[PDB]
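To keep things simple, chains are lettered A, B, C, D and E as they appear, and every chain counts its residues starting from 1.
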Amino acid sequence: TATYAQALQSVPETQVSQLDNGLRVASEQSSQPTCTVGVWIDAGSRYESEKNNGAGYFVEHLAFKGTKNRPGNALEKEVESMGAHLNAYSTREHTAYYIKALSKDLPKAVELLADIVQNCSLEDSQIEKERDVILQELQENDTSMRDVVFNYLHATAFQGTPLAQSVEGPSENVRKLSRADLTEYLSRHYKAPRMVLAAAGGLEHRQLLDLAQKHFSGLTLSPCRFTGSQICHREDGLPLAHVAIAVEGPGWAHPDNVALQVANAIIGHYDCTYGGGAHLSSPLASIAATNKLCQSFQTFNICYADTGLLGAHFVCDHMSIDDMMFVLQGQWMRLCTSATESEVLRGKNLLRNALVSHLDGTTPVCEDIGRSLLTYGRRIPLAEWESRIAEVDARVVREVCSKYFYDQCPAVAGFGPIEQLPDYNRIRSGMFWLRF
Amino acid sequence: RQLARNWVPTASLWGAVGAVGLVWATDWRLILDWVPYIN
Amino acid sequence: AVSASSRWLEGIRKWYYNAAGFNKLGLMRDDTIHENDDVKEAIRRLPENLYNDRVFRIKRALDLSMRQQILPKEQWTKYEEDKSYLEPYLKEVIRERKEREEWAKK
Amino acid sequence: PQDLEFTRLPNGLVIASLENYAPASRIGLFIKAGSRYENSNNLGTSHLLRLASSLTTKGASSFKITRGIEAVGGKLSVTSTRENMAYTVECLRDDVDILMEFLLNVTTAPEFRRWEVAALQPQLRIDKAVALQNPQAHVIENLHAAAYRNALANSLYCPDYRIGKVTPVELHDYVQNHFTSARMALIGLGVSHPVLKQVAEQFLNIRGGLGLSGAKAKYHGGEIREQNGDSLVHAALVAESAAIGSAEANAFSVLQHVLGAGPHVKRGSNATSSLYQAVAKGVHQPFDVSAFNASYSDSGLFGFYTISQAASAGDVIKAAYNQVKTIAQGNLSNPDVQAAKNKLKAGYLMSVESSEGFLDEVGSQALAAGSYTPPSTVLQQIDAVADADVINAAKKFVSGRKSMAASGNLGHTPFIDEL
Amino acid sequence: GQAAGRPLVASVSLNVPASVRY
């Protein structure tokens, strides 16, 4: 049946296989007519040099412009022949190439895919075309303020590290960019073991690995500095002013990463548009709906390899900024001391739900593996996560937050019309309570 | 409920503070010399 | 255990009710009430038909007190007729918070 | 585990159930009441009603309710369209009963407290606004008016003089007017039938009254052009399509994948769509065209929604429209259709494979049919489409009254008379 | 022309902001 305890038990397990040249193989059988076929690569900007900045990004567009065996636009005209959707995306710490398809024609898929991974048509026809679009887009990118401030955010904490740099990289490089340097980075980091392969669907493990089928896969990092600081772009014309505030935290692999998953879930989030009103349990969603001290906000977590990011992102009236803050320091600080096991539970349940929730669907299932592999390896400790949940304690959360919050140096990002936002020296004194 | 959290140890110190404070003030009870206090 | 005395209770009630002048100013019992938080939001939930009428009598009332005239007794309020209109709204606001008050205990 | 179990009642309300093994345990509740069921003085009610969700039940204080779902960790959802409003809820495998019980109290036990009703007046706009970020959003709503008169022309949103207009009572009737145990349909997912089967008949048997079908929407075309400040003018051309649940509805559903391009590849301008290609070839710098097909119960519409720049729109329309002619003239490619069939079958299954989506697909059949059809049968029926069908299907869109909606800078914007 | 997943549009309000559709 479906019973939460038993519900953990029966799942198609993590599968693993390993080829010779460093390629990884892995899978899970969902008993489904379709398969998400995907690839994840750990080559980052944090690898990329100061010219390489944004190049792999530029590269990202290029694969589908045609390849070695398949010149321009002969690539997709086979793809859509099957009717199988196709997509690719990249990230500072990862890049994921993947396919969503019926399990039938997969024998082509990976072979199609394998061609793309390395064999590529590097043709300055596409280059200039793509060189333009990016440049076109580079300027357009000022339209979504969200992404904008984060760029500021990293650079202010991680200054002096390749991690602190634009994903697309600065503009002039893209013009200056030449496809030989690509071929470098093409050759550099697209080797295995850097490469990793997974999939999920009706696919069985060995019927994956057999048709993982002989093609090829392949043949530097530093701990980053953390900057107590501030950045402000003051532009007063705009109606609203985003805010972001955070402190650094543990990397991907680390015990406490889960212990802090809940504190966010507990403190929760608010938005203009909820039907929750003023009776919600989250003090923030109660007040921020009550006096509409903000339009909305949400809290984030991002844990890098060695690093982690805890903080929120809010939007409030140009006269309402201060009061959002003096509230927001309330919640974190009060947790570190006076918190209680009751509210723990309501946080505990949610994260269980959110965990179980995201686990439906081919691609997301497929998608965990790749990062997880590049992160914890094969580990998909599904039922364990539950056991992991049972670990967390009142002291734990307090003792955890005591570390990473009380009397620390926070980072401050801002975007105009900021001006109200108090000076740092307030925020700093505002981190540690005086016992009030 | 009533769960009195770290406030309990917190407060524990506080009373000690100004108690010492009044002791530091002048008070009445001497304070067995304990490092030199003039005769 | 009261039956006849129950009947005997109402006289002093009616008596005591008649021992407070606001009966003789044309007030009622409800508008007499001292304010409170429940009082506040209770006001919100009133329809105007009462609400306005609540207003005027008050406004009517105050003026008289300025001039030290008591309403002609014929027009005094009557112990037979007292309008409870406040309280059916009042119990709501009382109730609900008691939950929150309690449901937030644990 | 166990496959689709759907059960007629005496009330006729289908209680459909499956058994899962998953700890995710969800339930959903469908209702026939859409915007078409609002009257001239009833306008925006459902849209307002769709914000009646969180309010005070007759079974409990809304406070307790709201603090209830969170501390449990469950989640509530509400969804409507021009036709079928749907009340969705989900929580862990174990606790559904507490939650499930509250699903009733909301739909079972309404209370409209004149004060509690007032605070929701401010809310509509801020909701109503954010939907109109997307220009296409505003464009669509206008369209149903142009092509109809009465029913589907009804907005999903509140015309603004209608704002202060709505009383608890007006709601209160439409509550019980359009509610009945004949129309109500309940779907379980992870929970056994008998538990589902139990309480279903218990509370949910009420009346009667039902269903006010006098809206045939009476397709009546026209065109509407709003003068606006966008640089990218938006417009669409529609000759009415057929009713839902028909090979024609499939034929157009096939006919779209002919021209209709959703990107199957990121950033890829879809070449297999002749539409964009046959356009983009004779055409110039950025633009987009996609084909729009949608159907409701009694009927639906087929069209294509264009996005172009100031001068281009007409030729953007015209060529594409002229390109439509090409198809209507006896142009055919069986493999393309075949590939399109492959697209559709996949696209269908890829659509359906999603449980939550399929959760709809369950009751989307129910209120429509009340039975279940394996997608295999669909996939079979997908095959059943003849080409001359899709041939003459497009011919219809050419062969019949067509309608336009346009907004932006209109200086160069042609009418349908230019067409 | 977007139905694009499905027939016409959508609206949803619960908590988390909202959703549109084609």
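Everything that follows uses one rule, which is that a contact is a pair of C-beta atoms (placed from the backbone, for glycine too) under 8 Å apart; a residue touches a chain by one contact, two chains touch by 3 or more.
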| item | value |
| --- | --- |
| Touching chain A and also chain D, the following chains | E |
| Number of hops, chain B to chain C, where each hop joins two touching chains | 3 |
| Dominant interface by contact count, named by its two chains | A-D |
| Longest centre-to-centre distance from chain D, chain (CA-based) | B |
| Chain whose averaged C-alpha position falls nearest the assembly-wide average | E |
| Chain A-chain B separation of Cα centroids, rounded to whole Å | 52 |
| Centroid spacing, where centroids are CA-atom means, of chain A and chain E in whole angstrom | 25 |
| Chain centre separation (chain B, chain D; CA means) in Å | 72 |
| Whole-Å gap between the CA centroids of chain D and chain E | 8 |
| Interface hub residues of chain E, defined as touching at least two other chains | 13-15, 17-18 |
| Two or more partner chains touched - positions in chain C | 106 |
| Multi-partner residues of chain B (each touching 2 or more other chains) | 1 |
| All touching chain pairs, where touch follows the definition stated at the start | A-B, A-D, A-E, C-D, D-E |
| Residues on chain A engaged by chain E in the complex (per definition of touch) | 271-276, 280, 296 |
| Residues of chain A that touch chain D when the two form their complex | 1-4, 6-8, 10, 32-34, 61, 64, 73, 76-77, 79-89, 100-102, 272-273, 275-277, 279-282, 345-346, 348-350, 352-353, 356-357, 360-362 |
| Of all residues in chain C, those that touch chain D in their complex | 44-45, 47, 96, 99-100, 103 |
| Touching residues on chain A, where the partner in the complex is chain B | 337-341, 398, 435 |
| List of chain E residues in touch with chain A within their complex | 13-18 |
